[PDB]
Amino acid sequence: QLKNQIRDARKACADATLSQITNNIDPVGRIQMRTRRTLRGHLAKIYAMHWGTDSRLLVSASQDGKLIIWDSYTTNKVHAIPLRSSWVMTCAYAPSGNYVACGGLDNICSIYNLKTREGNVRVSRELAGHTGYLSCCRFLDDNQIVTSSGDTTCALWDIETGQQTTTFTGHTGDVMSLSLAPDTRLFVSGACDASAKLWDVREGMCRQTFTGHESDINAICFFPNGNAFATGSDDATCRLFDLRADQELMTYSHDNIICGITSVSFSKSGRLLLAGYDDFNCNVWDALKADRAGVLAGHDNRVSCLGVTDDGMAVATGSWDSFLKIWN
Amino acid sequence: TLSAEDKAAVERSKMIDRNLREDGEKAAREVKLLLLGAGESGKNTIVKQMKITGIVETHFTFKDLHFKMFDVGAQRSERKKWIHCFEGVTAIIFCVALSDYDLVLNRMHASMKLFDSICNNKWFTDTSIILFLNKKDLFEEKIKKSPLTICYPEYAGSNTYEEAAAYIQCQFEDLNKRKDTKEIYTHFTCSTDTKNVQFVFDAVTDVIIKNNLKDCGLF
Amino acid sequence: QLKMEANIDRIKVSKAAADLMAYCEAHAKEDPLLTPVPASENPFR
Amino acid sequence: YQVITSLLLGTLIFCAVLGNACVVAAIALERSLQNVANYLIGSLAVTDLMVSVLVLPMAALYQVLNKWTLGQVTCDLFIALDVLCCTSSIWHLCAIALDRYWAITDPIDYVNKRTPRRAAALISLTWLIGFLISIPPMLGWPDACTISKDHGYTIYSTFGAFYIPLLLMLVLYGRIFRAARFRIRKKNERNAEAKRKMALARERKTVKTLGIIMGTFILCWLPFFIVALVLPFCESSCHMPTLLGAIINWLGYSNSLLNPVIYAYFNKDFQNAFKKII
Ligand SMILES: C/C=C\C/C=C\C/C=C/C/C=C/CCCC(=O)O[C@H](COC(=O)CCCCCCCCCCCCC)COP(=O)(O)O[C@H]1[C@H](O)[C@@H](O)[C@H](OP(=O)(O)O)[C@@H](O)[C@H]1O
Ligand SMILES: O=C1CCc2ccc(OCCCCN3CCN(c4cccc(Cl)c4Cl)CC3)cc2N1
Ligand SMILES: CC(C)CCC[C@@H](C)[C@H]1CC[C@H]2[C@@H]3CC=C4C[C@@H](O)CC[C@]4(C)[C@H]3CC[C@]12C
Ligand SMILES: CC(C)CCC[C@@H](C)[C@H]1CC[C@H]2[C@@H]3CC=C4C[C@@H](O)CC[C@]4(C)[C@H]3CC[C@]12C
Ligand SMILES: CC(C)CCC[C@@H](C)[C@H]1CC[C@H]2[C@@H]3CC=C4C[C@@H](O)CC[C@]4(C)[C@H]3CC[C@]12C
């Protein structure tokens with residue numbers, strides 16, 4: 001009854017879709033991009049990456065067990081951290097840049113300190129307690145961190161104490177994605193249940209639920225305005241859900257594309273969206289016209305991660321071929 | 001052209017790259033194995049035999065060859081979301097408990113289903129599988145009490161171990177649909193600890209030799 | 001859990017779409033990806 | 001008449017250069033093709049490219065004009081370059097056979113002690129043998145110019161350039177064939193029949209590959225070396241025709257372009273890389 005009531009409420013407010021209003025909006029056209037920098041050095045497939053707030057330094061995690069930080073301006077490797085576990089699938093970069101978190105199949109995503117009196121990297125904190133593989137743990141502040149695990153639960157931990165301050169439960173399937181809003185007050189999550197959940201950090205109870213996907217959700221990313229987000233699944237369709245309308249706006253799909261998706265990102269203005277498909281390619285779609293606007297080739301294996309800088313100067317895409325390509 | 005700070009950063013990056021290359025070259029000289037099977041198949045027994053909260057890594061050396069074995073059974077989750085990380089392993093050691101043929105989790109059926117799922121996975125098309133059958137003595141003691149028909153209604157035969165073990169091995173080896181690409185090795189675990197290690201070493205050597213022959217175009 | 005989810009404010013999607021367009025056009029002039037940037041100020045050159 | 005021969009020689013040289021350059025570029029640019037096994041193939045391709053662009057055109061010009069019009073010192077340089085390049089190309093086959101035998105028969109060494117330094121050492125050894133064979137005739141010492149016909153020098157060149165590497169290659173490939181056979185041989189009736197059929201197919205494929213590899217090299221090089229060994233020892237029977245000599249020489253030179261086809265164009269990963277390029 002309650003679910004039927006919610007469905008009726010969300011359906012009754014849909015008479016005009018944004019896609020038809022976007023017809024009057026002029027198309028963005030073809031955005032031709034070329035590889036500006038080619039970061040190399042990984043000897044195994046990479047699984048995740050993050051962009052710094054200064055839009056100059058980036059960090060990546062790969063299967064060989066090395067966490068590498070590159071200076072995108074000069075390609076030089078700044079820091080290389082040897083990891084205890086080589087099965088890492090995620091990494092994160094603190095907004096202040098003092099700490100770096102990384103994890104994987106092991107139930108701990110360790111946080112390392114980059115600012116030490118000895119001038120060398122060292123382990124700062126190990127967050128044990130999860131009973132499943134950690135999909136991704138993202139920094140919330142210099143002392144708080146949000147972690148998404150494969151045990152269908154999320155956890156907010158205090159770095160100084162090492163104990164999870166908050167626990168989020170309710171997902172039936174394992175949560176494979178997690179994105180943080182610019183306000184750092186509420187976050188979206190995506191699981192294999194073909195649905196997404198909007199949570200808020202402070203009170204720690206379920207704020208909203210979105211559905212519509214037909215397969216496991218692998219990627220998620222907040223809209224720059226913070227009132228919307230995008231999700232991707234194995235159904236080769238990108239779905240944009242906004243927190244205030246509580247309904248789907250458009251579906252990005254094409255006949256040519258049939259493989260799944262791995263990463264979703266937004267530009268600085270949010271006009272265009274970037275997706276990384278398993279067919280060793282990236283697709284740049286228009287977030288408004290819902291049509292394809294660009295194709296980024298140049299990867300010899302499945303694309304695993306990609307990310308835009310804070311200032312939007314360039315976008316760096318990684319893949320299983322152990323090479324990172326910077327496009328502007 | 002380049003300032004002092006830029007030059008120092010260039011040398012630091014070069015040193016880091018050289019160290020990373022050396023570490024990768026050192027790590028590339030190890031044979032990686034992936035362990036799979038049901039929890040009640042006596043995995044720990046063979047683990048402690050060869051070795052003497054998620055991924056369990058076991059490192060051991062034998063006849064100048066180093067083996068790193070990754071056990072994933074310690075955690076339960078969706079297999080199709082992290083198994084691709086194990087692509088490229090030299091071999092998959094599968095564990096099966098014969099004595100669980102008449103235990104309802106049906107345990108033998110679940111083991112066969114898991115073996116079918118793993119063997120025919122697209123990520124392990126070229127990955128060899130080494131099958132181990134654990135607890136043969138207790139199976140011999142149990143088979144004197146119940147026939148094979150409690151688990152295999154469509155099977156008729158004698159209740160002798162020499163035939164029952166062969167039938168189980170044939171049934172397990174008949175599940176693969178890519179016999180040309182991959183071969184399955186079956187061994188019976190015994191009290192002698194060195195026998196399992198020798199069988200694993202022989203299987204790994206055979207797999208390496210077959211891969212080399214395929215690369216040379218002979219096999 | 002679902003009992004209290006329905007007790008939220010419900011508005012029209014047209015104003016949300018208008019807000020999305022307004023946010024998109026407001027920052028369109030400050031998007032390096034949207035409009036190609038020359039080498040005069042491009043740091044990746 | 002000379003026009004047809006010149007055109008055919010130019011076409012052969014052009015095809016050889018194209019093949020060698022394509023193999024070299026594909027090996028150099030690709031990342032998945034950088035390994036110890038492929039380094040020897042790359043060195044062989046570079047050597048054959050050097051033969052095609054440095055030795056083949058001048059020999060073709062000599063054949064077309066039927067006489068040397070470039071000078072005695074030019075002929076000496078041509079002989080030195082041709083001997084060195086041919087010896088290096090021949091010894092590349094022996095080095096590749098030795099590497100394959102070591103990899104197949106010693107898996108522990110393949111896993112642990114196999115490094116590109118081994119391939120570099122093999123290439124350096126082949127070049128050293130080529131130099132030690134090419135230097136002595138000039139170190140110790142008009143319209144038609146030929147290699148010195150000293151019996152001792154001829155015996156040394158033939159033995160250290162073709163016969164010894166041929167014997168080593170034959171022994172290594174026989175051991176490889178024995179090992180491959182040992183590995184291959186080592187309701188249910190249908191499964192047994194399928195296993196026997198697969199074993200027979202693998203045996204046939206191995207036999208075909210070994211036969212092709214041996215026969216190409218044999219037909220390319222053996223008759224020329226037999227002729228070069230027999231001619232100086234019988235001055236009273238040097239009535240052999242020029243046509244047969246030209247045919248033998250060009251058949252021997254065709255090994256330079258035939259080697260990449262057998263060793264590079266027949267690999268599944270190499271043609272996959274070629275398709276990736278297009
Ligand atoms: C007894 C009765 C009578 C019978 C006896 C007499 C007649 C006998 C004839 C028997 C046939 C002989 C030739 C066999 C041809 C053949 O079978 O090839 C088939 C089609 O592929 C191509 O042809 C690919 C060919 C394309 C190669 C490129 C050519 C064009 C390049 C031009 C160069 C210049 C370009 C710029 C199938 O291919 P294949 O099974 O033969 O391929 C194998 C290859 O032969 C092995 O050598 C190779 O081993 P390796 O190279 O040594 O490492 C194996 O890995 C495998 O690749
Ligand atoms: O009357 C004619 C007509 C036709 C003609 C065409 C070309 C020509 O160029 C000379 C090239 C010879 C072939 N080289 C000889 C050197 N050779 C080698 C290499 C290592 C060891 C050893 Cl022992 C040897 Cl021989 C490799 C193959 C001369 C003539 N003469
Ligand atoms: C310069 C070029 C034209 C020389 C080419 C020679 C080739 C085509 C000839 C020479 C000797 C021949 C091989 C001799 C021996 C065998 C072994 C047999 O079990 C299968 C065929 C096979 C493999 C023959 C196939 C074709 C063969 C390889
Ligand atoms: C088929 C390919 C791959 C290998 C074999 C090439 C053979 C068949 C071809 C290539 C070049 C040809 C030779 C080119 C030049 C001459 C010199 C002339 O005065 C007589 C014929 C002769 C000797 C030709 C005969 C046949 C030849 C040797
Ligand atoms: C300038 C460029 C286009 C030169 C192209 C050269 C390469 C790419 C060409 C020349 C001959 C071609 C090959 C000839 C024979 C075969 C065997 C067939 O069963 C699969 C394709 C394959 C393997 C072809 C693929 C591409 C190929 C290797």
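What counts and what doesn't
Residues numbered from 1 in each chain as written, not as in the entry; some residues may be left out. Chains lettered and ligands numbered in written order. Heavy atoms only, no water. UniProt positions renumbered as here; feature names shortened; annotations may be inferred. Helix = DSSP H or I, 4+ residues; strand = E, 2+ residues; numbered from the N terminus. Rg over C-alpha atoms; globule rule 2.2 N^0.38 Å. Contact = heavy atoms within 4.5 Å. Areas by Shrake-Rupley, 256 points an atom, 1.4 Å probe, with all protein chains shown as cover. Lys, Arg positive; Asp, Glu negative; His and termini not counted. Charge placed at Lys NZ, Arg CZ, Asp CG, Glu CD. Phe/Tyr/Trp six-rings, centres within 6.5 Å; stacked < 30°, edge-to-face > 60°. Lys NZ or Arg CZ within 6 Å of the ring centre and 35° of its normal. Pairing = 2+ DSSP bridges. Axes fitted to C-alpha atoms, helices over the stretch in contact; angles between N-to-C directions. Buried area = accessible area lost by both parts, 1.4 Å probe. Salt bridge = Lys/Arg side-chain N within 4 Å of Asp/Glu carboxyl O. Polar contact = N/O pair within 3.5 Å; in protein donor to acceptor, adjacent residues only side chain to side chain. Near = heavy atom within 4 Å. Nonpolar A, V, L, I, M, F, W, Y, C, P; charged D, E, K, R; others polar. Core = buried A, V, L, I, M, F, W, Y, C linked by side-chain atoms within 4.5 Å. Buried < 20%, exposed > 50% of the residue type's maximum accessible area, 1.4 Å probe, protein only. Parallel < 35°, antiparallel > 145°, perpendicular 65-115°, else oblique. Left-handed = near helix turned anticlockwise from the far one by under 90°. Patch = residues over 30% accessible without salt bridge, like charges linked within 9 Å, V, L, I, M, F, W, Y side chains within 5 Å.

As annotated in the PDB entry, chain C is Guanine nucleotide-binding protein G(I)/G(S)/G(O) subunit gamma-2 from Homo sapiens. Checking UniProt for chain C, the heading Subcellular location contains the comment "Cell membrane". Under the UniProt heading Sequence similarities, the entry covering chain C gives this text: "Belongs to the G protein gamma family."

In the annotation of the PDB entry, chain A is listed under the name Guanine nucleotide-binding protein G(I)/G(S)/G(T) subunit beta-1 and assigned to Homo sapiens. The annotation that UniProt attaches to chain A under Sequence similarities is "Belongs to the WD repeat G protein beta family."

Q: Got a sec to walk through the overall build of chain A? Specific residues and values, please.
A: The helix and strand inventory of chain A stands at two helices and 28 strands. On C-alpha atoms alone, chain A measures out to a radius of gyration of 19 Å, which is about the 20 Å that the 2.2 N^0.38 rule sets for 328 residues. Expressed along its principal axes, the backbone C-alpha trace of chain A runs to roughly 65 × 45 × 30 Å. Contacts in chain A between residues far apart in sequence, at least 24 positions, make up 43% of those at least 6 positions apart. Accessible surface, chain A as shown: approximately 12,600 Å² in total, 43% of it carbon and sulfur. Across chain A, the centroid of the 31 positively charged side chains sits 5 Å from that of the 35 negatively charged ones.

Q: Describe the packing of aromatic side chains, and please don't skip the residues or the numbers.
A: Counted under the stated rule, the structure contains 38 aromatic pairs over all chains. Members of the aromatic cluster, joined through ring pairs, are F159, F162, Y163, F217, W221, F224 and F225 of chain D. The ring of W320 of chain A carries the charged tip of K45 of chain A above its face, separated from the ring centre by 3.7 Å. The ring centre of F323 of chain A lies 4.7 Å from the NZ or CZ of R31 of chain D, which sits over that ring.

Q: Summarise the arrangement of the chains; cite the residues concerned and give the values.
A: The protein chains that touch form four pairs of chains, and the pair with the most contacts between them is chains A and C. One finds no contact between chain B and chain C; the C-alpha atoms of the two approach each other to within 15 Å at their closest. Looking at chain C next to chain D, you find no contact at all, with the nearest C-alpha pair sitting 24 Å apart.

Q: Please provide a residue-by-residue account of the sheet that holds strand β3 (residues 65-71) of chain B, values included.
A: All names here are of chain B. Strand order across the open sheet formed by six strands is β2-β3-β1-β4-β5-β6, with mixed pairing between neighbours. Edge strands, defined here as strands with exactly one partner in the open sheet, are β2 (56-62) and β6 (184-188). The sheet shows a mean angle of 25 degrees between the axes of neighbouring strands, direction not considered. By the bridge criterion, seven bridges tie β2 to β3 in an arrangement that is antiparallel. Counterpart to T61 in the pairing with β3 is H66. Against the sheet, helix α5 (residues 161-173) contacts β4 (91-97), β5 (128-134) and β6, and its axis sits at roughly 155 degrees relative to β6.

Q: Explain the interface of chain A and chain C to me, and be specific about the residues and the numbers.
A: Listed per partner, the contact involves 44 residues of chain A and 30 residues of chain C. Taken as a group, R244, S269 and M313 of chain A account for 16% of the area that chain A buries against chain C, more than any other trio of residues on that side. Where chain A packs against chain C, one counts two salt bridges. Across the salt bridge formed by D15 of chain A and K12 of chain C, the nearest N and O atoms sit 2.5 Å from each other. Counting across the chain A and chain C interface gives nine residue pairs in polar contact. Of all the elements in the fold, those that place two or more residues in the side of chain A that touches chain C are α1 (2-12), α2 (18-21), β1 (35-40) and β17 (206-211) of chain A.

Q: Talk me through the site of ligand 5; I want residue IDs and the actual numbers.
A: Near ligand 5 you find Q271, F274, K275 and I278 of chain D, and these make up its full shell. The fraction of the free accessible surface of ligand 5 (610 Å²) that becomes covered by protein chains is 33%.

Q: A description of the site of ligand 4 should follow, citing residues and the corresponding values.
A: Residues and elements named next belong to chain D. With respect to spatial proximity, the complete set of residues near ligand 4 consists of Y1, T5, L8, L9, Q63, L243, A246, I247, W250 and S254. Contact with the protein chains hides 64% of the accessible area of ligand 4, taken as 610 Å² for the molecule alone. At the level of elements, α1 (2-29) and α8 (242-253) are the ones that each hand at least two residues to the shell around ligand 4. Here the shell around ligand 4 gets four residues from one element, more than from any other, and that element is α8. For the shell around ligand 4, a count of residues per class yields seven nonpolar, three polar and no charged.

Q: Which residues make up the nonpolar core, and what are the values?
A: Ranked by size, the top nonpolar core spans 67 residues in total, and within it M169, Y173, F217, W221, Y253 and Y263 of chain D carry the most contacts. Per-element accounting of this core gives the leading share, 14 residues, to helix α3 (residues 72-105) of chain D. In this structure, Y101, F115, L131 and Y155 of chain B belong to the second largest nonpolar core, which totals 47 residues.

Q: Explain the packing of α3 of chain D against helix α5 (residues 116-140) of chain D to me, using residue names and the numbers behind them.
A: Residue and element names in this part refer to chain D. Orientation of α3 relative to α5, taken along the N-to-C sense of each, is 150 degrees, at an axis distance of 8 Å. The orientation of α3 with respect to α5, classified from their angle, is roughly antiparallel. Classified by chirality, the crossing of α5 by α3 is right-handed. Between α3, through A80, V83, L84, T87, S88, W91, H92, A95, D99 and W102, and α5, the contact on the second element is made entirely by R118, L122, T126, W127, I129, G130, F131, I133, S134 and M138. Across the contact of α3 with α5, the residue classes break down as twelve nonpolar, six polar and two charged.

Q: Could you give me a rundown of the environment of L2 of chain A, with the residues and numbers involved?
A: Tracing the backbone through its elements, the reader meets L2 of chain A in helix α1. When the C-alpha positions of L2 of chain A and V284 of chain A are compared, they lie 39 Å apart, and in sequence the two are 282 residues distant. Leave out the neighbours within four places in its chain, and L2 of chain A touches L2 and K3 of chain C.

Q: Go over a nonpolar patch on the surface with me, naming the residues and quoting the values.
A: Nonpolar side chains collect at one region of the surface, where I155, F159, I164, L168 and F233 of chain D lie side by side and expose about 430 Å² of accessible area between them. Within the secondary structure, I164 of chain D is located in helix α6 (residues 151-185).

Q: Explain the UniProt feature "repeat: WD" in chain A to me, using residue names and the numbers behind them.
A: Residues and elements named next belong to chain A. Using the residue numbers shown here, the UniProt feature "repeat: WD" corresponds to residues 34-82, 83-128, 129-169, 170-211, 212-255, 256-297 and 298-328. What you have in residues 83-128 is 0% helix and 43% strand, and the ends, taken at the C-alpha atoms, are 16 Å apart. With 0% helix and 57% strand, residues 170-211 has its two end C-alpha atoms placed 14 Å apart.

Q: I'd like a rundown of the sheet that holds strand β7 (residues 99-104) of chain A, residues and numbers included.
A: All names here are of chain A. Pairing is antiparallel in the open sheet, where four strands are placed in the order β6-β7-β8-β9. Two strands in the sheet have a free side with no partner beyond their single neighbour: β6 (88-93) and β9 (122-125). Strand-to-strand, the axes of this sheet are offset by a mean angle of 35 degrees, without reference to chain direction. Where β6 lies against β7, five bridges are found, and the strand directions are antiparallel. Among the inter-strand pairings, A92 is bridged to a residue of β7, identified as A101.

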